[PDB]
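Listed here are the chains, written in short residue letters.
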Amino acid sequence: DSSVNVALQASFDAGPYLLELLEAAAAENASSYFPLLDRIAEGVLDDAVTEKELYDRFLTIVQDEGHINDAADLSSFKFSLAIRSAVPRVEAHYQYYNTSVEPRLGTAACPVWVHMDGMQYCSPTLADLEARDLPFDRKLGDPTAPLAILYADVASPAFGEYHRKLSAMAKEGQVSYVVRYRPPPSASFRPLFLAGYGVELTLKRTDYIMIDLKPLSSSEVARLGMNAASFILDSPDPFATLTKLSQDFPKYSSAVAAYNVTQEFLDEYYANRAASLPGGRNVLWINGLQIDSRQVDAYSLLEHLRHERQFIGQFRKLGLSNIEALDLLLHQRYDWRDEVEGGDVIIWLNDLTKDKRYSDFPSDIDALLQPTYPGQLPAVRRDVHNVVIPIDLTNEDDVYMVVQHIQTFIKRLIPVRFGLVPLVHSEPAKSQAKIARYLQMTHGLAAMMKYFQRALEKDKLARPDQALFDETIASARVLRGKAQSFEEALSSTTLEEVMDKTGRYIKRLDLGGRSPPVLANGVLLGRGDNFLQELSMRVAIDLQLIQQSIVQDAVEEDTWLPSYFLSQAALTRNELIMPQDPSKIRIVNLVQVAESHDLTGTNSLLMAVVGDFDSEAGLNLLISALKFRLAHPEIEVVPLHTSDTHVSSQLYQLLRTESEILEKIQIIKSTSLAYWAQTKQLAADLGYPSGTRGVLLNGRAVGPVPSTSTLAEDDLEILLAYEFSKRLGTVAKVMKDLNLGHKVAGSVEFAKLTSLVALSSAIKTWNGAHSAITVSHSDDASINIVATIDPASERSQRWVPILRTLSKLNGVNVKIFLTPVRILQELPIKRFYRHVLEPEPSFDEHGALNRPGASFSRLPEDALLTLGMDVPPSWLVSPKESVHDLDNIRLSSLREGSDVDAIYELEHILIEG
């Protein structure tokens with residue numbers, strides 16, 4: 001008889017396997033690129049291009065690189081070729097060149113050439129589409145005004161001597177150089193078979209049902225899962241047992257029914273409720289770090305695996321063991337009321353406790369129950385819900401918001417109270433605000449809108465004309481009017497202290513600029529995003545939290561309910577430093593084996609105040625920073641700056657003869673070598689390019705922004721406190737808590753460690769006695785994969801081969817906890833599975849790369865089986881045509897010795913939009 005085979009092919013076809021080498025090379029350590037290229041220019045792969053000489057003459061080359069000749073980097077790289085994937089970047093260079101370059105070119109005799117500022121030549125002696133920094137590019141030289149874009153197929157000696165001393169230009173320092181590859185004649189491509197997918201053969205009609213010819217089993221099944229583990233655990237070599245067992249579960253089933261489950265059936269069934277607390281599910285960790293079941297894929301794993309080894313690899317800089325380091329790694333509202341200065345900044349359109357729209361319905365709090373959503377809360381005149389909407393009366397969007405439906409909710413008796421702060425963030429936005437304020441203050445409570453109503457609509461609010469002003473003063477319709485001013489409302493009684501009073505409330509709460517958030521019971525709602533239903537929802541959330549309060553353990557009627565929301569621990573400020581709307585936390589370290597290493601009280605945390613001293617926010621940040629160094633003497637600061645004058649020059653001996661003294665020097669300066677060389681540069685690399693500014697705190701970054709004291713002292717240690725946080729403070733208290741005096745004594749090197757932890761979690765895995773198929777060294781595996789694998793899940797079947805492939809990677813521990821199901825209510829794994837995934841591209845040949853595939857020999861006939869595919873979410877794939885129904889496969893009905901050689905196709909993936 002014979003079998004059933006499956007392979008899978010990419011729609012588009014690969015170029016010379018050689019490129020894929022190069023791009024797989026920098027896939028590991030990326031700096032590898034050009035240096036390889038430097039020497040390969042000398043063509044030590046320039047003899048025959050058959051894949052394995054250039055392959056092995058390649059490996060013997062890259063093992064001349066410390067970048068990729070680590071212990072295991074070089075294994076990761078093996079994997080990446082058995083891993084199909086260096087081609088895609090290669091494919092990019094092509095798709096650009098085929099669509100963006102060769103079309104826009106016209107007419108050729110020259111086969112390789114560069115883009116320089118215009119045209120060029122087929123000779124290396126030295127225009128509507130420009131030299132733009134494309135995604136796949138690699139810059140050689142530092143990136144300035146000049147760019148040299150080399151187009152060439154790197155494979156033939158034909159190219160050879162362009163680069164060699166176009167490798168002589170940045171070298172001296174002239175034009176920035178980047179290499180983009182050429183596509184060959186369309187006849188050069190040879191095909192591309194893939195891996196990292198799985199092949200289903202599910203039992204469509206079978207006797208393998210519950211109550212070689214064709215399996216059976218009954219309701220010894222809740223057991224089937226149980227037992228399946230001991231079964232694996234009692235074989236001499238268990239991991240291998242694991243593998244065959246999963247592969248073809250349904251046929252082995254009626255066997256595994258009569259083999260009861262062993263002693264660490266249950267000392268790990270309650271020992272799962274201490275360590276490793278999943279029961280029967282599949283989760284995966286890489287160094288304790290859970291992976292999600294949607295990236296249990298070969299690709300994902302690979303680039304996670306090595307954006308893990310270096311991060312840790314980054315620790316042996318300080319000289320560490322790390323059987324120690326990763327058991328090292330283990331162990332919302334804002335105040336909205338304008339009170340704080342003044343007491344009538346905010347303009348409240350609504351007032352529950354006073355507006356008569358909200359009639360006379362009682363305030364009984366405990367009568368505040370059972371709502372249908374035609375009515376989220378009964379009508380009760382309590383202060384509960386408060387929404388503060390910051391507005392630019394210059395912004396048209398804003399006004400339309402309020403004039404129609406801020407106005408309607410009120411009107412539709414919604415028990416929510418609304419208010420505005422007028423943004424005073426432009427010469428016109430204030431004036432309107434001025435105007436605005438002046439109406440309810442003199443010409444009372446409706447004129448303003450019924451100004452802004454008519455101002456909004458057919459006039460445009462872009463600027464406030466008084467022509468309109470005087471017309472609505474005449475109106476007092478709904479209104480009326482005491483405290484006259486009229487005219488040009490240029491009063492001093494307004495110009496600043498409703499204005500700075502609005503002015504700082506804003507800047508208190510950080511609401512300047514283009515679009516400021518919304519205050520919904522203290523929680524910020526981005527107005528940029530839709531929010532009106534999130535408003536409607538964050539209320540109905542916030543509602544119950546109060547109902548939760550009152551129903552239970554609560555206060556009586558003599559308490560102000562919004563206190564409840566507002567009573568947290570978090571006061572009154574910024575969305576940048578503490579950016580918990582975009583949870584953008586920039587951590588910046590690691591990478592400082594730069595051209596820096598400049599060296600310049602116990603352990604101490606570390607702050608740099610990087611600035612543009614000599615200017616706006618220059619000293620203003622710096623003085624703010626310094627009154628801060630006093631307030632908090634814990635840390636010594638190292639300021640740095642970026643400009644393009646002899647007035648920051650005592651900055652350069654703040655104390656340099658061997659500070660506080662200085663902290664008054666610059667305030668007496670406020671009204672009146674090559675340090676700089678590195679500062680800005682080595683600033684610009686921490687963000688803070690070219691003048692742009694903020695401060696660092698021991699790995700914590702900020703950035704630059706709009707005004708000059710937005711980064712003030714108050715801000716600095718609301719920064720520190722939840723910078724100190726459960727982040728960088730605690731680092732101190734887990735010390736070498738574990739022991740040694742310190743290998744990280746310094747405050748500079750402590751600064752370093754604090755970064756890495758902030759890059760980060762799933763706290764603990766433990767109890768494996770002899771109830772765990774271990775598959776690696778527990779020691780300084782500079783990778784730890786733990787994973788729990790249910791012997792009888794379907795999900796497990798992908799997982800296992802991957803693990804063998806992963807485990808058979810060098811320096812990649814893999815350990816497996818069988819965690820079967822309590823009581824399998826039905827038959828799990830009703831299919832056959834094997835997985836296409838090798839850890840090195842293999843050969844075994846007449847000389848050419850192996851096309852990865854599957855092979856289904858030894859299957860029960862007489863009954864229908866279905867071939868499906870198992871593969872990443874992003875993959876679209878079709879099966880080519882055949883005499884056989886690939887859904888309907890009954891090996892009986894067939895002819896002997898012949899079989900089914902199926903080949904699916906990766907037709908691109910998924911472009912939608």
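Residues numbered from 1 in each chain as written, not as in the entry; some residues may be left out. Heavy atoms only, no water.

Right, let's get into the overall build of the chain. Of the regular secondary structure elements, the chain holds 26 helices and 24 strands. Here the C-alpha coordinates of the chain stretch approximately 105 × 80 × 70 Å along the principal axes. Counting only residues that meet the buried cut, the chain has 46% of its 913 residues in that class. Here the chain displays about 48500 Å² of accessible surface, and carbon together with sulfur accounts for 54% of that area. Measuring between centres, the 89 positive side-chain charges of the chain sit 3 Å from its 119 negative side-chain charges. (Helix = DSSP H or I, 4+ residues; strand = E, 2+ residues; numbered from the N terminus. Buried < 20%, exposed > 50% of the residue type's maximum accessible area, 1.4 Å probe, protein only. Areas by Shrake-Rupley, 256 points an atom, 1.4 Å probe, with all protein chains shown as cover. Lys, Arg positive; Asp, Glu negative; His and termini not counted. Charge placed at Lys NZ, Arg CZ, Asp CG, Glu CD.)

Read across the open sheet, the five strands follow the order β8-β7-β18-β19-β17; overall the sheet is mixed. Among the strands making up the open sheet, the edge pair consists of β8 (289–291) and β17 (773–774). Direction of pairing for strand β7 (residues 284–286) relative to strand β18 (residues 784–788): antiparallel, over a ladder of three bridges. Of the residues in β18, the one forming a bridge with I286 is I785. (Pairing = 2+ DSSP bridges.)

On to the nonpolar core. Counting 94 residues, the largest nonpolar core has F418 and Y505 as the members making the most contacts within it. Broken down by element, the residue count for this core peaks at seven residues, all from helix α11 (residues 396–411). Taken domain by domain, this core gets at least three of its residues from each of domain 1 (338–566) and domain 2 (573–760). Other than its neighbours up to four places away in sequence, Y505 contacts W336, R337, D338, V345, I346, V388, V421, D500, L511 and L519. Listed in part, the 42 residues of the second largest apolar core include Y33, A86, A148 and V179. (Core = buried A, V, L, I, M, F, W, Y, C linked by side-chain atoms within 4.5 Å. Domains from an automatic or database assignment. Contact = heavy atoms within 4.5 Å.)

Let's shift gears to the state of the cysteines. Between two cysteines, a covalent bond joining their sulfur atoms is known as a disulfide. Considering all chains together, one arrives at one disulfide under this definition. A sulfur-sulfur separation of 2.1 Å characterises the disulfide bridge that pairs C110 with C122. Looking along the S-S bond of the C110-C122 disulfide, the torsion reads about -70°, which is the left-handed sense. Here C110, found in the loop between α5 (87–101) and β2 (113–115), pairs with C122, found in the loop between β2 and β3 (139–140); they are 12 residues apart in sequence, far enough to count as distant. Looking at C110, the relative accessible area reads 14%, which means it is buried. Assessed through its relative accessible area of 35%, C122 is described here as partly exposed. (Disulfide = S-S within 2.5 Å.)

Interfaces are often sized by the accessible area lost when the parts come together. Structurally, the chain comprises domain 1 (338–566) and domain 2 (573–760). Look at where the C-alpha atoms of domain 1 and domain 2 centre, and you get two points 39 Å apart.

Overall, the coordinates contain 21 aromatic pairs when judged by the stated rule. The interplanar angle of 75° and the centroid separation of 5.7 Å between the aromatic rings of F311 and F315 together place this pair among those described as edge-to-face. Take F311 and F315: they sit in the same class, and that class is buried. When the ring centre of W348 is taken as reference, the NZ or CZ atom of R417 above it lies at 4.6 Å. Over the ring of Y688 we find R586; its NZ or CZ atom is 5.9 Å from the centre of that ring. (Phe/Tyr/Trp six-rings, centres within 6.5 Å; stacked < 30°, edge-to-face > 60°. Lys NZ or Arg CZ within 6 Å of the ring centre and 35° of its normal.)

Where a strand is regular, its side chains alternate between the two sheet faces. With respect to burial, β18 is a largely interior element, five of its five residues being buried. Residues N784, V786 and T788 point to one face of β18 and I785 and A787 to the other, with burial holding for every one of them. Where β18 and strand β19 (residues 813–817) come together, five bridges link them in parallel fashion. Bridge pairing links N784 to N813 in β19. The β-α-β motif built from β18, the intervening helix α26 (residues 796–807) and the parallel element β19 has right-handed crossover chirality. (Right-handed = clockwise from strand over helix to strand, strands pointing away.)

Right, let's get into the environment of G343. Relative to the helices and strands, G343 resides in the loop between α10 (298–313) and β9 (347–348). Those residues in contact with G343 that sit more than four places away from it in its chain are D338 and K501.

Quick look at the pairing of strand β11 (residues 417–422) now. Across the six residues that make up β11, a large majority, six, are buried. Because side chains alternate across β11, one face comprises the buried residues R417, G419 and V421, and the other comprises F418, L420 and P422, equally buried. Where β9 and β11 come together, two bridges link them in antiparallel fashion. Bridge pairing in β11 links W348 to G419. Two strands pair when backbone bridges link them, and strand β10 (residues 386–391) and β11 are joined in this way by six bridges, in the parallel orientation. Its bridge partner being in β11, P390 is matched across the sheet by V421. You can see the chain leave β10, run along α11 and come back into β11, and the turn it takes is right-handed.

Turning to the sheet that holds β10, a few remarks are in order. Each strand in a sheet pairs with another by means of backbone hydrogen bonds, the pair being arranged parallel or else antiparallel. Spatial strand order, β9-β11-β10-β12-β13: five strands in an open sheet with mixed pairing. What marks the edges here is a single partner per strand, and that holds for β9 and β13 (523–525). Where strand β12 (residues 518–520) and β13 come together, three bridges link them in antiparallel fashion. Note on β13: the bridge partner recorded for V518 is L525. Set on the sheet, helix α18 (residues 532–551) makes contact with β10, β11, β12 and β13; between it and β13 the angle comes to about 165°. (Axes fitted to C-alpha atoms, helices over the stretch in contact; angles between N-to-C directions.)

Let us now look at the pattern of salt bridges. Counted according to the given criterion, the structure contains 29 salt bridges. When the shortest N-O distance is used, the salt bridge between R454 and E471 registers 3.7 Å. Taken together, the positions of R454 in helix α14 (residues 449–456) and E471 in helix α15 (residues 466–473) put the pair 17 residues apart, joining distant regions of the chain. In this structure, the salt-bridge partner of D870 is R798, at a minimum N-O distance of 3.0 Å. In this pair, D870 sits in strand β22 (residues 865–870) while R798 sits in helix α26, placing the two residues 72 residues apart along the sequence. Since its relative accessible area comes to 13%, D870 is described here as buried. (Salt bridge = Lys/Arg side-chain N within 4 Å of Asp/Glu carboxyl O.)

Taking 1.5 Å of rise per residue, 14 residues should cover 20 Å, and helix α20 (residues 618–631) covers 20 Å from first to last C-alpha, within 8% of that figure. By the burial criterion, the buried members of α20 are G618, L621, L622, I623, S624, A625, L626 and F628. Residues of α20 that are buried sit in contact with β14 (607–611), α21 (662–665), β16 (695–697) and α24 (713–733). (Expected span 1.5 Å × (residues − 1).)

The next thing to look at is the side chain of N574. One can find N574 in the loop between α19 (561–566) and β14. Within the structure, the side chain of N574 is placed 2.6 Å from the backbone nitrogen of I577, a separation counted as a polar contact. The residues touching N574, leaving out its near neighbours within four places in the chain, are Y334, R508, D510, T710 and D715. (Polar contact = N/O pair within 3.5 Å; in protein donor to acceptor, adjacent residues only side chain to side chain.)

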